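Worksheet: the structure to be examined is printed underneath.
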Amino acid sequence: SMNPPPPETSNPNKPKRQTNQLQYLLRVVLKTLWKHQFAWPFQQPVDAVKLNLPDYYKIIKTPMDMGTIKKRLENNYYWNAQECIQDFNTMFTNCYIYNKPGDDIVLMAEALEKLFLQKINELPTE
Ligand SMILES: Cc1nnn(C2CCNCC2)c1-c1cccc(Oc2cc(Br)ccc2Br)n1
Ligand SMILES: [Cl-]
Ligand SMILES: [Cl-]
């Protein structure tokens, strides 16, 4: 197919945790970023058929998006907060890798990344 399968959101053998930091990543970080005016391109996997981008998955080999992250958090997919943070990082970096400095989508990712970093500086630590 032209679209690869989307990243998994379940994996029965993988060991899982529920932690306060992961709960905060869902309730506060993800759900706030989700409502930002620039969130919509990032709310679902890139559909290369819909978007007419036969090169997207030629370039991006570790796709990630906030819809996948949301489902992973809801399904308790992660072991720890850093694992989820890594998925956000992959999503932003993919956008920079596929696009160009100054593109509208890159301006959006830059703004979202700054907001993300601001929110993860407030991760509960106690
Ligand atoms: C993520 C992501 N990373 N790159 N892209 C496009 C950006 C445009 N070029 C091809 C790659 C997306 C993406 C995902 C869903 C919808 C969507 O829609 C657009 C958004 C803008 Br802002 C501008 C134009 C479009 Br179409 N873009
Ligand atoms: Cl647990
Ligand atoms: Cl199309």
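Scheme for the structure tokens: letters A, B, ... for chains in order shown; per-chain residue numbers from 1; ligand numbers from 1 in order shown.
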
Shell of 10 Å around residue A:10, only C-alpha atoms, local chain residues under 2 positions omitted, as a list in words: residues 7, 8, 12, 13, 14, 71, 72, 75, 76, 77 and 78 of chain A

Residues from last step as file, N, CA, C and O atoms, as an mmCIF file, in the first residue's frame:
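The new file again_30.cif reads:
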```cif
data_model
loop_
_atom_site.group_PDB
_atom_site.id
_atom_site.type_symbol
_atom_site.label_atom_id
_atom_site.label_comp_id
_atom_site.auth_asym_id
_atom_site.auth_seq_id
_atom_site.Cartn_x
_atom_site.Cartn_y
_atom_site.Cartn_z
ATOM 1 N N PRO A 7 1.348 3.736 13.299
ATOM 2 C CA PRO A 7 2.073 3.219 14.470
ATOM 3 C C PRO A 7 1.131 2.509 15.428
ATOM 4 O O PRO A 7 -0.011 2.918 15.630
ATOM 5 N N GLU A 8 1.620 1.442 16.028
ATOM 6 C CA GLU A 8 0.764 0.677 16.912
ATOM 7 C C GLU A 8 0.373 1.503 18.127
ATOM 8 O O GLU A 8 1.119 2.367 18.608
ATOM 9 N N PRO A 12 0.343 -6.359 23.103
ATOM 10 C CA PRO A 12 0.015 -7.122 24.322
ATOM 11 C C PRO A 12 1.216 -7.569 25.126
ATOM 12 O O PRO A 12 1.108 -7.658 26.353
ATOM 13 N N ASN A 13 2.340 -7.888 24.494
ATOM 14 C CA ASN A 13 3.499 -8.338 25.249
ATOM 15 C C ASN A 13 4.247 -7.219 25.959
ATOM 16 O O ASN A 13 4.925 -7.494 26.948
ATOM 17 N N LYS A 14 4.158 -5.982 25.484
ATOM 18 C CA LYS A 14 4.942 -4.885 26.037
ATOM 19 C C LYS A 14 4.517 -4.608 27.483
ATOM 20 O O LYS A 14 3.322 -4.615 27.786
ATOM 21 N N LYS A 71 -3.988 8.019 21.778
ATOM 22 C CA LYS A 71 -4.462 6.648 21.929
ATOM 23 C C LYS A 71 -3.494 5.824 22.763
ATOM 24 O O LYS A 71 -3.918 5.008 23.585
ATOM 25 N N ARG A 72 -2.188 6.004 22.556
ATOM 26 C CA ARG A 72 -1.204 5.320 23.392
ATOM 27 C C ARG A 72 -1.398 5.674 24.862
ATOM 28 O O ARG A 72 -1.375 4.798 25.729
ATOM 29 N N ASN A 75 -4.559 4.070 26.177
ATOM 30 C CA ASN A 75 -4.419 2.629 26.263
ATOM 31 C C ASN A 75 -3.301 2.189 27.196
ATOM 32 O O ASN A 75 -2.948 1.007 27.201
ATOM 33 N N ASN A 76 -2.706 3.106 27.950
ATOM 34 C CA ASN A 76 -1.582 2.794 28.833
ATOM 35 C C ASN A 76 -0.472 2.033 28.113
ATOM 36 O O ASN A 76 0.047 1.031 28.593
ATOM 37 N N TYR A 77 -0.081 2.552 26.955
ATOM 38 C CA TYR A 77 0.913 1.891 26.122
ATOM 39 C C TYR A 77 2.322 2.073 26.640
ATOM 40 O O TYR A 77 3.187 1.240 26.354
ATOM 41 N N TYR A 78 2.583 3.166 27.349
ATOM 42 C CA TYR A 78 3.932 3.558 27.692
ATOM 43 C C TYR A 78 4.386 2.961 29.020
ATOM 44 O O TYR A 78 3.580 2.658 29.906
#
```

Residues up to 10 Å from ligand 3, counting only C-alpha atoms and all ligand atoms: could you list those as an MDAnalysis selection string? chainID A and resid 47:53

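Considering the residues A:59, A:20, A:4, A:33 and counting only C-alpha atoms, residue A:99 has its shortest atom-to-atom contact with A:59.
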
If you count only C-alpha atoms and all ligand atoms, which residues end up within 10 Å of ligand 2, as a ChimeraX atom specification? /A:15-20,76,78-80

Surroundings of ligand 1 up to 12 Å, based on only C-alpha atoms and all ligand atoms, as a ChimeraX atom specification: /A:37-57,59-60,63-67,88,90-100,102-112

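Ranking A:61, A:114, A:119, A:36 by their shortest atom-to-atom distance to residue A:21, with only C-alpha atoms included, puts A:119 first.
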
Can you list, as number ranges by chain, all residues belonging to stretch 63-125 of chain A that DSSP tags as alpha helix (DSSP H)? A: 66-74, 81-98, 104-120

Counting only C-alpha atoms, the residue of A:62, A:125, A:89, A:29 that sits nearest residue A:5: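 With only C-alpha atoms as the atom set, the closest residue is A:62.
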
d(atom CA of residue A:83, atom CA of residue A:24) in Å: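 Between atom CA of residue A:83 and atom CA of residue A:24 the gap is 13.8 Å.
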
To one decimal in Å, tell me the separation between atom CA of residue A:82 and atom CA of residue A:34.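 Taking atom CA of residue A:82 as the start and atom CA of residue A:34 as the end point, the length is 19.2 Å.
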